[PDB]
Structures are given as structure tokens and as C-alpha cells.
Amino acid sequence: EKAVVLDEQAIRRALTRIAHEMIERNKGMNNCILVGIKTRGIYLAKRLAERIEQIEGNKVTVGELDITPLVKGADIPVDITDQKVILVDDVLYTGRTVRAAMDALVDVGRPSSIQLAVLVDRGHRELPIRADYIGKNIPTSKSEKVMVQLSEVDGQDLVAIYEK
């Protein structure tokens, strides 16, 4: 059983607000790198970069990590040394994918700091990891599953909760 809890318009509004918060907290996002995780993180990062560029007239670099968890691959097209990185995640749940991402980036890139932006936080963390920017908090039971669909890969924009 499935329920739609954010529709396209809710997703658009959340991303616009997150982009504003990124401009407020990171001096207009000059020199700060967005790194997507999971399949849909990179597409969220690109959407954010576009919103920021439409305001600041600058270029916001987007990279990605390929994580199962094990970091199996990466594409980060600038040197992140001493730079601000923001991880972009579709759904924050246990935090274990974020931890894998974080350890790889500190180890290989020596950024000055790493923040976390998520479209949805579904709670039930298993590590002391919290998002800095959040589209929507969505309370859940343990047995529920939260999924994000985006235009670029699934063909439409929505967030759904699935029951057991």
C-alpha cells in the first residue's frame, strides 16, 4: 500500500527554500561543492545548483559518489581540499550511507567541512548523523519504506510512503 506525501509542487517549494538556506549559510555558495549520493541525490544536487546560479550568477560545482555500504566510485570534477562540501541525499534514514560518504570525502579530499542536505528525513537514525537542510520531516513506523521519484529517472516528481 502506497501514499503520496509530497507532490511535485511540495518538492519544488522545498528545493527552492533549501537553495535559499544554502546561499544564507555559505556566502552565496562561491567555491562550495554539492556531492550527490544514491541514485537520485545527484539530480537533486543539480536542481539546487541551478536555483543558486539563477540568483548568484556564479557556478556551483556538482559531484557524485557511487555507494552500495561501500563507496565503489566517485566523480568529483574539482579539488575539494580546504573547500566546503554539502552531501545531497534523497531520503535520510539510518545515516549509514551518509557515514560511508563522509569518511571517503574526509579521507581523500580534506574538505574544510561537510554539511548534509536531504529532501526527506524519515527518522530512525542508527548513527549520530543529522541533516543541516531538510525539505520535509516525515514521521514513519519502522516497517514503512519512503521512496522519492524524480522526473529525470522515474518520470515524475513525488514522495511516497509504502506500508509493510
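Residue indices: 1-based, along the sequence shown.
Asks: Are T68 and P69 truly consecutive in the deposited sequence, or are residues between them missing coordinates? Give the number as none, 1 to 3, 4 to 9, or 10 or more.
Replies: Unresolved stretch here: 10 or more residues.
Asks: Of the two stretches 137-145 and 8-16, which shows the higher Cα B-factor on average in the entry?
Replies: For C-alpha atoms only, the mean B-factor is higher in 137-145.
Asks: Tell me which stretch has the larger mean Cα B-factor in this entry, 39-47 or 100-108.
Replies: Higher of the two, by average CA B-factor, is 100-108.
Asks: Going by the entry, which of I55, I33, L116, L119 has the most elevated CA B factor?
Replies: Comparing C-alpha B-factors across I55, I33, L116, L119, the top value belongs to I55.
Asks: From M29, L127, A131, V62, can you pick the one with the highest C-alpha B factor in the entry?
Replies: Of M29, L127, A131, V62, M29 has the highest C-alpha B-factor.
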